[PDB]
Amino acid sequence: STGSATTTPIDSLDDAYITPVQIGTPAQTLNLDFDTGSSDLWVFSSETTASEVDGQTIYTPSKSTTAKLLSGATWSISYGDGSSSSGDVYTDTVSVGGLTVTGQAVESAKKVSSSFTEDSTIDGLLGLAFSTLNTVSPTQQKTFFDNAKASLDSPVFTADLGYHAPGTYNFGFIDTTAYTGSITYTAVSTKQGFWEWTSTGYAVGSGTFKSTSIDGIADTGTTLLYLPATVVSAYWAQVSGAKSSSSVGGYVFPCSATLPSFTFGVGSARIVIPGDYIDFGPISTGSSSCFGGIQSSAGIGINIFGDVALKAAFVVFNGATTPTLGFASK
Ligand SMILES: OCc1cnc(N2CCOCC2)s1
């Protein structure tokens, strides 16, 4: 089997991408944030505290003839940005782009933190990291991809995120028309539960490529590119008027600037992030200070190849017995 679903930016800045997901019988379609940095499939629901729902579409398990309470199971997650959610668990049928999994754990939110409430466009998350990170207790549950894997034509999914445009998540096949050149594959460590890999270096604009190992994670659920303060300082030094504000939350630049590209290495291959992908617009409405899309990871504990980096590439998440990552230009 295979699946192919379109993923759409939630706003004009590509802050996140939403993908329609059919849950239950008859289907209830919710728009979920596919997140290769986590491993829970959780949804706003009829059980979510009413004051914490503000425009999201909810899953109502009592209206699904295939829903079953997973007795005794609870979940609770905290994300790197400080947001969180928790609740109980049902199993139900879940389909993505025509690919159907029966008995998928659907984690129903009883509580969500304010950032989720305040974003009416995201109805939940669909985690695509390794199932060892799934938070369901006392019996850990499998991700949608782990459940689907054995049925797929090939044990892979691909992320093809658009710049200010829709893109595609495919399951079970590699669309050879979706990228240029070849796909370069690179080793993955699953020791932390992430799609963790090592970039071979970087360049700023037309500058020379610096060969240096940069360990990090491929994370579709993080908006920006978070890298070593050294690498990040080298990039912002090429933009006139750039400064790092503790008060705003990182590097900002004058909105009148033209940003240079940023290149990262994948083995001997190179992925070029155009300068325009690094512009996240005014810090507040009407400001002439703009927020940068490349930021320091120094306070995170890990480097994160988030959407800014991933949307410059066609990315293969190869879930074979020894997982690997693939990157191609497009
Ligand atoms: O081509 C693979 C597909 C993409 N979306 C599909 N559907 C199936 C019907 O329910 C809406 C979603 S099939």
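Hydrogens, waters and symmetry mates play no part in the numbers below; they use all other heavy atoms, side chains included. We count residues from 1, following the sequence as given.
For the pair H164/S12, no side-chain contact is recorded, criterion being any heavy-atom separation below 4.5 Å from C-beta on. In this structure, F262 and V231 have side chains that are in contact, with non-hydrogen atoms separated by less than 4.5 Å. Counting only heavy atoms from C-beta outward, the side chains of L227 and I214 approach each other to under 4.5 Å. Two residues are said to be in side-chain contact when any heavy atoms from C-beta on lie closer than 4.5 Å; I23 and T93 fail this criterion. Side chains of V316 and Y185 form a contact here, defined as non-hydrogen atoms less than 4.5 Å apart. Taking 4.5 Å as the limit, every side-chain heavy atom of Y202 sits out of range of all side-chain heavy atoms of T263. Counting heavy atoms from C-beta on, the side chains of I304 and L225 never come closer than 4.5 Å. Side-chain contact check for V96 versus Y169: every heavy-atom pair is 4.5 Å or farther apart.
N134 and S131 share no donor-acceptor pair across their side chains, judged by distance under 3.5 Å alone. Between the side chains of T223 and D307, no donor-acceptor pair of N or O atoms lies under 3.5 Å. The closest side-chain donor-acceptor pair between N170 and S4 falls under 3.5 angstrom. Side-chain atoms of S76 and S86 include no donor-acceptor pair closer than 3.5 Å. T177 and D175 share a donor-acceptor pair across their side chains, judged by distance under 3.5 Å alone. Under 3.5 Å, the side chains of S247 and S245 contain a donor-acceptor pair of N or O atoms.
The two atoms that bring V101 and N147 nearest to each other are CG1-CB, 3.6 Å, heavy atoms only. Smallest separation of non-hydrogen atoms from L224 and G293: CB-O, 3.5 Å. In this structure, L32 and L41 approach most closely via the heavy-atom pair CD1-CD2, 4.0 Å. Taking both residues in full, the closest heavy atoms of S199 and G265 are given as OG-O, 2.7 Å, listed atom of the first, atom of the second, then distance. Scanning both residues, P166 and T6, for their nearest heavy atoms gives CB-CG2, 3.8 Å. In terms of heavy atoms, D54 sits closest to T117 at CB-O, 3.7 Å.
In this structure, CH2 on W197 lies 14.0 Å from OG on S189, to the nearest 0.5 angstrom. Atom OG1 of residue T143 and atom CG of residue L126 lie 8.0 Å apart, to the nearest 0.5 angstrom. If you take CG on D160 and CG on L310, they are separated by 11.0 Å, rounding to the nearest 0.5 Å. Taking CD1 of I283 as the reference point, atom OG of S289 lies at 5.0 Å (rounded to 0.5 Å). Residue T91 holds its OG1 atom at 12.0 Å from CD of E107, rounded to the nearest 0.5 Å. Atom CD of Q22 is separated from atom CG of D92 by 12.5 Å, given to the nearest 0.5 angstrom.
With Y235 contributing its side chain and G205 its backbone, the two residues share no donor-acceptor pair below 3.5 Å. Remark: side-chain polar atoms of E47 are not paired, donor with acceptor, to backbone N or O of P61 under 3.5 angstrom. Without hydrogens or angle criteria, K330 side chain to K311 main chain gives a donor-acceptor distance under 3.5 Å. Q56 contributes a side-chain N or O that, together with a main-chain N or O of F116, makes up a donor-acceptor pair within less than 3.5 Å. A donor-acceptor pair under 3.5 Å links the side-chain atoms of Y17 to the main chain of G162, judged by distance alone. Counting only distance, with no hydrogens or angles, the side chain of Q104 and the backbone of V94 share no donor-acceptor pair below 3.5 Å. The backbone N or O of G292 lies less than 3.5 Å from a partner atom in the side chain of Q295, making a donor-acceptor pair. The backbone N or O of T66 lies less than 3.5 Å from no partner atom in the side chain of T25, so there is not a single donor-acceptor pair. The main-chain N or O of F34 is found under 3.5 Å from a side-chain atom of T220 such that the two form a donor-acceptor pair. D40 places no side-chain N or O within 3.5 Å of a backbone atom of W42 that could act as its donor or acceptor partner.
Ring geometry for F157 versus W195: interplanar angle over 60°, hence perpendicular rather than tilted (30 to 60°). In this pair, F264 and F305 present their aromatic rings tilted. The plane angle is within the 30 to 60° band.
The hydrophobic cluster containing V272 does not contain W236, counting ILVMFWY residues as joined when their side-chain heavy atoms lie under 4.5 angstrom apart, directly or transitively. Hydrophobic clustering of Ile, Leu, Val, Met, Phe, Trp and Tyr side chains at less than 4.5 Å, counting indirect connections, unites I300 with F194. The same ILVMFWY cluster, assembled from side-chain heavy atoms under 4.5 Å apart, contains both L69 and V43.
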| task | Tell me, with the steps shown, if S108 and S45 meet side chain to side chain donor-acceptor pair (under 3.5 Å). | result | CA-CA 6 Å; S108 165; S45 76; 2.7 Å; yes
| field | Pair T184-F327, side-chain contact (heavy atoms from CB on, under 4.5 Å): steps then yes or no | value | CA-CA 5 Å; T184 297; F327 293 82; 5.6 Å; no
| message | Between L125 and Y79, is the side-chain contact (heavy atoms from CB on, under 4.5 Å) condition met? List the steps. | response | CA-CA 11 Å; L125 266 66; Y79 295 102; 3.4 Å; yes
| request: Output, in order, the C-alpha distance, side-chain angles, deciding distance and verdict of side-chain contact (heavy atoms from CB on, under 4.5 Å) for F173 and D153. | output: CA-CA 7 Å; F173 72 106; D153 290 357; 5.6 Å; no
| request: Decide side-chain contact (heavy atoms from CB on, under 4.5 Å) for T186 and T198; before the verdict, give the C-alpha distance in whole Å, the side-chain angles of both, and the deciding distance to 0.1 Å. | output: CA-CA 8 Å; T186 198; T198 302; 6.0 Å; no
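Taking the six-membered ring for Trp and the full ring otherwise, the centers of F171 and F144 sit less than 6.0 Å from each other. Aromatic ring centres of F291 and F280 lie farther apart than the 6.0 Å criterion allows.
Shown here is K210, whose NZ atom has no more than 12 heavy atoms of other residues, nucleotides or ligands within 6.0 Å.
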